[PDB]
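Structural features, examined
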Amino acid sequence: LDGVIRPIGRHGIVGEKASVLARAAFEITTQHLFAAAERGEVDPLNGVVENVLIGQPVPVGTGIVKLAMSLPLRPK
Amino acid sequence: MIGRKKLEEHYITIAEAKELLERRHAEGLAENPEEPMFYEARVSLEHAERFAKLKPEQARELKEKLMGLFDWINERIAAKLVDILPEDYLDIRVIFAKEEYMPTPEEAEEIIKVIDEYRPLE
Amino acid sequence: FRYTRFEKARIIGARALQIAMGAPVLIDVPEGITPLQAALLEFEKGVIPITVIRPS
Amino acid sequence: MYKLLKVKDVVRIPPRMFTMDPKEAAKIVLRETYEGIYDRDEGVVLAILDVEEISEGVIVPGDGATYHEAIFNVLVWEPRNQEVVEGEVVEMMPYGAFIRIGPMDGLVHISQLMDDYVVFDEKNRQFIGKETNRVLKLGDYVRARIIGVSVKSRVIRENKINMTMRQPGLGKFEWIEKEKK
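Residues numbered from 1 in each chain as written, not as in the entry; some residues may be left out. Chains lettered and ligands numbered in written order. Part of a larger assembly, values for the part shown. Heavy atoms only, no water.

1. A word on the nonpolar core
In terms of nonpolar packing, the biggest core is built from 48 residues, with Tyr2, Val44, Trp77, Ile99, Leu113, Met163 and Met165 of chain D touching the most fellow members. Per-element accounting of this core gives the leading share, five residues, to helix α4 (residues 75-84) of chain B. Setting aside anything within four residues of it in sequence, one finds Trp77 of chain D in contact with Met1, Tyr2, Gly43, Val44, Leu46, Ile101, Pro103 and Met104 of chain D. Residues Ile11 and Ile50 of chain C together with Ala70 and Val74 of chain D belong to the second largest nonpolar core, which totals 23 residues. (Core = buried A, V, L, I, M, F, W, Y, C linked by side-chain atoms within 4.5 Å. Buried < 20%, exposed > 50% of the residue type's maximum accessible area, 1.4 Å probe, protein only. Helix = DSSP H or I, 4+ residues; strand = E, 2+ residues; numbered from the N terminus. Contact = heavy atoms within 4.5 Å.)

2. Considerations on the domain arrangement of chain B
Residue and element names in this part refer to chain B. For chain B, the assigned domains are domain 1 (1-54) and domain 2 (55-122). Summarising the inter-unit geometry, the C-alpha centres of domain 1 and domain 2 are found 25 Å apart. At the interface, nine residues of domain 1 touch eleven residues of domain 2. Between domain 1 and domain 2 the total buried area reaches about 1,100 Å² when both faces are included, carbon and sulfur atoms providing 57% of it. Sorting the residues of domain 1 by area buried against domain 2 places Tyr11, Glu16 and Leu54 first, and these three jointly supply 57% of that buried surface. Linking domain 1 with domain 2 are one salt bridge. With its nearest N and O atoms 3.6 Å apart, the salt bridge here joins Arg60 to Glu19. (Domains from an automatic or database assignment. Buried area = accessible area lost by both parts, 1.4 Å probe. Salt bridge = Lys/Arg side-chain N within 4 Å of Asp/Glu carboxyl O.)

3. Description of the interface of chain C and chain A
With twelve residues of chain C in contact, the opposing surface of chain A contributes nine residues. On inspection of chain C and its partner chain A, the count reaches two residue pairs in polar contact. Looking at the side of chain C that touches chain A, the elements with two or more residues in it are α1 (8-18) and β1 (51-52) of chain C. The leading source of residues in the side of chain C that touches chain A is α1 of chain C, at four residues. Across the side of chain C that touches chain A, the residue classes tally to eight nonpolar, two polar and two charged. (Polar contact = N/O pair within 3.5 Å; in protein donor to acceptor, adjacent residues only side chain to side chain. Nonpolar A, V, L, I, M, F, W, Y, C, P; charged D, E, K, R; others polar.)

4. Considering the interface of chain B and chain D
The interface is formed by 36 residues belonging to chain B together with 44 residues belonging to chain D. Carbon and sulfur atoms make up 57% of the area that chain B and chain D hide from each other, which totals about 3,900 Å². Where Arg24 of chain B meets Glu35 of chain D, a salt bridge forms, and the shortest distance between an N and an O atom there is 3.9 Å. Counting across the interface, chain B meets chain D through eleven residue pairs in polar contact. Broken down by secondary-structure element, the contributors of at least two residues to the side of chain B that touches chain D are β1 (6-12), α1 (14-25), α2 (39-50), α4 and α5 (89-95) of chain B. In terms of residue class, the side of chain B that touches chain D is made up of 15 nonpolar, four polar and 17 charged.

5. Re α1 of chain C
The set of residues buried in α1 of chain C consists of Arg10, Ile11, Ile12, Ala14, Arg15, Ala16 and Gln18 of chain C. In the core, the buried residues of α1 of chain C are packed alongside β1 (67-68) of chain A, α2 (35-44) and β1 of chain C together with β4 (58-59) of chain D.

6. Looking at the pattern of salt bridges
Under the definition given, this model contains 20 salt bridges over all chains. In this structure, the salt-bridge partner of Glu75 of chain B is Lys63 of chain B, at a minimum N-O distance of 3.1 Å. Within this pair, whereas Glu75 of chain B is found in helix α4, its partner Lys63 of chain B is found in helix α3 (residues 56-67), the two being separated by twelve residues in sequence. Judged by its relative accessible area of 12%, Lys63 of chain B falls in the buried class. The salt bridge partner of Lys6 of chain D is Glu52 of chain D, with a shortest N-O separation of 3.5 Å. Taken together, the residues span a long stretch of sequence, with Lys6 of chain D in strand β1 (residues 2-13) and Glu52 of chain D in the loop between β3 (44-51) and β4 at a distance of 46 residues. When salt bridges with common partners are traced through the structure, they connect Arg24 and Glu27 of chain B together with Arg31 and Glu35 of chain D into a single cluster.

7. Focus on the packing of α1 of chain B against α3 of chain B
Residue and element names in this part refer to chain B. One way to put it is that α1 packs onto α3 with a least axis distance of 8 Å and a crossing angle of 135 degrees. Taken together, α1 and α3 sit at an angle that is classed as oblique. α3 is crossed by α1, and the crossing has left-handed handedness. For the pair formed by α1 and α3, the contact residues are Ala15, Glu16 and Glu19 on the first element and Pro56, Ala59, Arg60 and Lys63 on the second. (Axes fitted to C-alpha atoms, helices over the stretch in contact; angles between N-to-C directions. Parallel < 35°, antiparallel > 145°, perpendicular 65-115°, else oblique. Left-handed = near helix turned anticlockwise from the far one by under 90°.)

This is how it looks when you write it as structure tokens:
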């Protein structure tokens, strides 16, 4: 994805860019890595491991659709 | 912030806000709990029932008129003059004792000349 | 304008929760039915009120 | 002094009254949320007048009720500082007197009453001056000025306003008329 091929674990795509909490539960090293982004770092949202960690519906699947409905609602 | 935004506000005298309570009191007239209005609403109704000195519509007309007479009188200052009904320079002192401009006896008399009409005279 | 499989399983899910909290039912009566099965029969006749939004 | 507002807010219609007209059903929700509540930023919200326009509904995962974005009109009352008010003596106390300036009250202490040394008559409910034979008692219409407002909580009941009348042109209205000359 970035012009030079990467590995898959602990030095590559998981260790590469994501949310900073996504790198916490993988590569049990965390005092190397979680204290690195202790200095000057925000963390928005929008992973899959984060919304399950906080109590939100994940973006994939059925938490992607948005409904809308008006309200006379006569039975007939 | 209350809600998302606050976009428009106006100033209402005591004689004008009396009609908003009674038209609200026209609801209830709902008969399922009979809707008695709550206690502090009925207390503020009694302050409107006893200090109603003017018509509701003629107070709205006067507030437009008093803003065009002087530039330093805005809508907020003009609504105060309807409730007090000043007669001389004594009331001009006590309202304007903490203001940026103290009026001259010429300019204070010109306010009285507009409010020489619409007086109950009793 | 056919629905997908992810939108059809959310419209049923939201309508089965209204049908338990009030929200008077259409002609769906007989004799005893769990509130999920009431949403399947209303969806069969194509009288769902809820419509989707298509982000584009 | 009262004010009239026009404020948008998000309305939550439950699915119990889901089969009513959208205007008054959004009115009955938002009315029983803000009436009679003193905020520290604006003031006493008295009553909701009416609902002009309403938006569409949006469903949220978990609840099953609906959300709307309505437009309504609100009558507020803001007792701001050094505001010239009018009132009615509706309470007699040995340390002061509550002056009702509307939905709330205004307390004036016994030594900010008038330009006179003031002695509280304990047997009756009145104040008797030393030199002048002026009598301040129950029910008398007065005129005052706010000097201090103590705002503690969201309830109307628990907030009280201190005023004073030691100025030329205040007090009872027939006292004011004789001070014109």
